[PDB]
Amino acid sequence: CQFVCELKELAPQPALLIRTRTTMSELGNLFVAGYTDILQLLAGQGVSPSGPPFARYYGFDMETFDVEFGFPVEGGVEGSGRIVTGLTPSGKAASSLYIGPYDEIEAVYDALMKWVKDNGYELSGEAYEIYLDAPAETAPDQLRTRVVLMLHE
Ligand SMILES: CN(C)c1ccc2c(-c3ccccc3C(=O)O)c3ccc(=[N+](C)C)cc-3oc2c1
């Protein structure tokens, strides 16, 4: 995990997001539809996202899990309906940059977990991906996602 993996201490950033329970079969259309309804709201308000979208994965129950996914925005933006105000995760974290298709992102979860065991830290359970590249616009072998495992201190 040399060079590639690093520890970080993260601050909450304000976001608009949707919190829901889903599986991996349904994630794709869910994110497409939800992210689009988020940008439609921000467009309607003249507000721009302050950064790339993300998803917080947690609540694992067999194939299912909860997820909060959205866009980070500036302070003072309000939601509507299913789009609620929220915050990015915070705390100590192990961060690595994954490049490749989402159906092979386990590659970096394995590595980020061995580097956690082999350095005497522990997981808080929840993961946090940041989608630096739009997958619609980006070759799958160039798709940049930052993978962030929240640690427990
Ligand atoms: C780096 N920026 C600017 C962006 C912008 C948009 C997306 C959309 C999206 C948003 C709305 C409509 C289509 C797409 C898409 O492109 O399919 C993503 C969609 C899904 C996604 N996963 C993790 C499944 C990840 C997505 O990441 C994005 C990143």
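FYI, side chains are in, hydrogens and waters are out, and symmetry mates aren't considered; it's all heavy atoms of this structure. One-based numbering along the sequence shown. Remember, it's 1-based here, ligands and their atoms both numbered in the order they're listed.
For atom 14 (C) of ligand 1, no protein heavy-atom neighbour is found at a distance under 4.0 Å. For atom 29 (C) of ligand 1, the nearest protein heavy atom lies closer than 4.0 Å.
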- Query: For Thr20 and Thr22, what are the C-alpha separation, side-chain angles and deciding distance, and is it a side-chain hydrogen bond (donor to acceptor under 3.5 Å, both in side chains)?
  - Reply: CA-CA 7 Å; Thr20 190; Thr22 178; over 6 Å; no
- Message: Please determine whether side-chain hydrogen bond (donor to acceptor under 3.5 Å, both in side chains) holds for the pair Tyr128 and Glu126, giving the CA-CA distance in whole Å, both sets of side-chain angles, and the decisive distance to 0.1 Å.
- Response: CA-CA 7 Å; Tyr128 173 55; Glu126 74 180 30; over 6 Å; no
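Surrounding OH of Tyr121 are at most 12 heavy atoms belonging to other residues, nucleotides or ligands under 6.0 Å away.
With hydrogens left out, the protein atom closest to atom 22 (N) of ligand 1 is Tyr102 CE1, 3.3 Å, a heavy atom. Annotation: atom 19 (C) of ligand 1 to nearest protein heavy atom, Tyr35 CD1, 3.8 Å. Scanning the protein for heavy atoms near atom 27 (O) of ligand 1, the closest one is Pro135 CD, 3.3 Å. Closest to atom 6 (C) of ligand 1, if we only count protein heavy atoms, is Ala134 CB, 4.0 Å. The nearest heavy-atom contact from the protein to atom 12 (C) of ligand 1 is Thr36 OG1, 3.3 Å.
Near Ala136, meaning under 4.0 Å from any of its heavy atoms, are these atoms of ligand 1: 15 (C), 16 (O), 17 (O). The contact set between ligand 1 and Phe31, taken as ligand atoms under 4.0 Å from a residue heavy atom, comprises 20 (C), 22 (N), 23 (C), 24 (C). Atoms of ligand 1 found under 4.0 Å from any heavy atom of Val32 (numbered from 1 in listed order, with element): 11 (C), 12 (C).
Contacts between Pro53 and ligand 1 below 4.0 angstrom, taking non-hydrogen atoms only, involve the side chain exclusively. In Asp133, the part holding a heavy atom less than 4.0 Å from any atom of ligand 1 is the backbone.
Ligand 1 has no nitrogen or oxygen under 3.5 angstrom from a nitrogen or oxygen of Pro52.
Salt bridge status for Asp61 with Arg21: present, with a side-chain N to carboxylate O gap under 4.0 Å.
Ring geometry for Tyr57 against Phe65 counts as tilted: the plane angle lies between 30° and 60°, on a 0 to 90° scale.
Side-chain rings of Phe71 and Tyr35 approach one another, their centers coming within less than 6.0 Å.
With hydrogens and angles left out, the side-chain atoms of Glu106 and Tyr98 include no donor and acceptor closer than 3.5 Å.
At least one heavy atom of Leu132 lies less than 4.0 angstrom from ligand 1.
Checking side-chain atoms of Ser95 against main-chain N and O of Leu7 turns up no donor-acceptor pair under 3.5 Å.
The minimum heavy-atom distance linking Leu39 with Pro49 is given by the pair CD2-CG, 3.9 Å.
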